[PDB]
Visitor: 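Please read through the structure below; I'll follow up with questions.
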Amino acid sequence: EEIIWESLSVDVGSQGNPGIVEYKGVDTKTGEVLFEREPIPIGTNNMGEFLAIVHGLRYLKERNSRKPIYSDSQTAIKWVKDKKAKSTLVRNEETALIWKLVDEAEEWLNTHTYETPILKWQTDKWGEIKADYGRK
RNA sequence: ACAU
DNA sequence: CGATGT
Ligand SMILES: [K+]
Ligand SMILES: [K+]
Ligand SMILES: [K+]
Ligand SMILES: [Mg+2]
Ligand SMILES: [Mg+2]
C-alpha cells in the first residue's frame, strides 16, 4: 500500500478543541499550499476536518481534476460519505459561524455529484499528512 | 479499541 | 493532561 502522490491532502488546525479552527489543502507531492480557510473563532476538530474535505471536493470539481483527496480524519471521511456531519457542538451565537459553514457544506454535498476518491492517510505508516499544521 |  | 468522534 503506497501513497498516491497525485492527490490533494487536507487537514484542520486548531487553537483549542473546541476553539479557533482553520484548514488547508496542499499538493501531496510538493507541499504547495492550494487553499487556506480564514480562522473560524469557535469550532471542533471534526467540523474543521469535514469542511476541509468538502472544500477540497469543490476545489477539484471547479478545476476539472480527478485527483483523490487524503484526510487523516476517520470521522470526517465518514461524515462526507454519509453527507451528514454528526457534531455535538452546541449551537449558540459564538458557534453560529461554524454551524452555518457545516450546514452549507452538507447542502452542497446533497446538491452536487463527484467521483473523487476520499482516502485515509495512513499516519502510522507514512507519518504526518502533508497538510498538517505542525502544532502537536 | 480506533481515528483525530 | 484535556477535547471530538465511530
Ligand atoms: K498539528
Ligand atoms: K494525525
Ligand atoms: K476518546
Ligand atoms: Mg487531521
Ligand atoms: Mg494535523
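The chains referred to below are lettered A, B, ... by the order of the sequence lines, with proteins before strands, and numbering in each begins at 1. Just the heavy atoms: all of them, side chains too, but no hydrogens, waters or symmetry mates, feed the values below.
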Visitor: Taking only side-chain N and O atoms of A:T123, does any of them lie within less than 4.0 angstrom of OP1 or OP2 on B:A3?
Guide: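 Looking at the OP1 and OP2 atoms of B:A3, neither is under 4.0 Å from any side-chain N or O of A:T123.
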Visitor: What contact category does A:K86 fall into here, base, sugar-phosphate, or nothing, at under 4.0 angstrom with non-hydrogen atoms?
Guide: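 The residue A:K86 makes sugar-phosphate contact but no base contact.
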Visitor: So is A:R63 actually on top of A:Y59's ring, under 6.0 Å and inside 45° of the axis?
Guide: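 Pair A:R63/A:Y59 counts as cation-pi.
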Visitor: Rounded to whole Å, please give me the gap between CD in A:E49 and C1' in C:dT4.
Guide: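 Rounding to the nearest Å, CD of A:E49 and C1' of C:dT4 are 10 Å apart.
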Visitor: CG of A:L89 versus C1' of C:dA3: gap in Å, rounded?
Guide: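 In whole Å, C:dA3 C1' lies 11 Å from A:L89 CG.
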Visitor: Roughly how many Å is it from NZ in A:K78 to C1' in B:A3, rounded to a whole number?
Guide: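 That distance rounds to 13 Å.
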Visitor: Rounded to the nearest Å, what distance is computed from the CD1 atom of residue A:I98 to the P atom of nucleotide C:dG5?
Guide: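 Atom-to-atom, A:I98 to C:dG5, this comes out as 10 Å.
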Visitor: Salt bridge check, A:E49 against A:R37: does any charged N sit closer than 4.0 Å to a carboxylate O?
Guide: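 Looking at A:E49 together with A:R37, the answer is no, because their closest N to O distance does not fall below 4.0 Å.
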Visitor: Nearest whole angstrom, please: distance from the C1' of C:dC1 to the CG of A:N17.
Guide: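 Between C1' of C:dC1 and CG of A:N17: 14 Å.
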Visitor: To the nearest Å, how far apart are A:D72 CG and C:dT6 P?
Guide: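 Going from CG in A:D72 over to P in C:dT6 covers 16 Å.
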Visitor: So, does A:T88 get its side chain near the phosphate of C:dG5, meaning an N or O under 4.0 Å from OP1 or OP2?
Guide: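 Yes.
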Visitor: Nearest-Å distance, CD1 (A:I118) to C1' (B:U4)?
Guide: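 Checked: the CD1 to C1' distance equals 17 Å.
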Visitor: Do any side-chain nitrogens or oxygens of A:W79 fall under 4.0 Å of OP1 or OP2 in C:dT6?
Guide: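 For A:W79, the contact criterion (side-chain N or O under 4.0 Å from OP1 or OP2 of C:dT6) is met.
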Visitor: Between A:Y133 (OH) and B:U4 (P), how many Å, whole number?
Guide: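 In whole Å, B:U4 P and A:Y133 OH are 17 Å from each other.
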Visitor: Go through the N and O atoms of the side chain of A:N45 and the base of B:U4, and report whether any donor-acceptor pair is under 3.5 Å.
Guide: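 By the distance-only test, yes, there is a pair.
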Visitor: Does A:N46 reach a base, just sugar-phosphate, or nothing at all? Heavy atoms under 4.0 Å.
Guide: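 The residue A:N46 makes base contact.
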Visitor: Measure from the side-chain N and O atoms of A:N17 to the backbone N and O of A:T44, and report whether any donor-acceptor pair falls under 3.5 Å.
Guide: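 Side chain of A:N17 to backbone of A:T44: no pair is present.
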Visitor: Nearest to the side chain of A:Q74 - C:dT6, C:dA3, B:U4?
Guide: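 Selected nucleotide: C:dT6.
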Visitor: Heavy atoms from C-beta onward define the side chain here; which of B:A3, C:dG5, C:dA3 lies closest to that of A:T44?
Guide: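 Of B:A3, C:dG5, C:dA3, C:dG5 is nearest to the side chain of A:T44.
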Visitor: State whether A:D132 and A:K136 are salt-bridged, where the test is any N-O pair (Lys NZ or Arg NE/NH1/NH2 against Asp/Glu carboxylate O) under 4.0 Å.
Guide: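 A salt bridge is present here (some side-chain N lies under 4.0 Å from a carboxylate O).
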Visitor: Is a side-chain N or O of A:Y70 found less than 3.5 angstrom from the main chain of A:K130, in a donor-acceptor match?
Guide: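 Pair absent, no side-chain N/O of A:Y70 close to backbone of A:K130.
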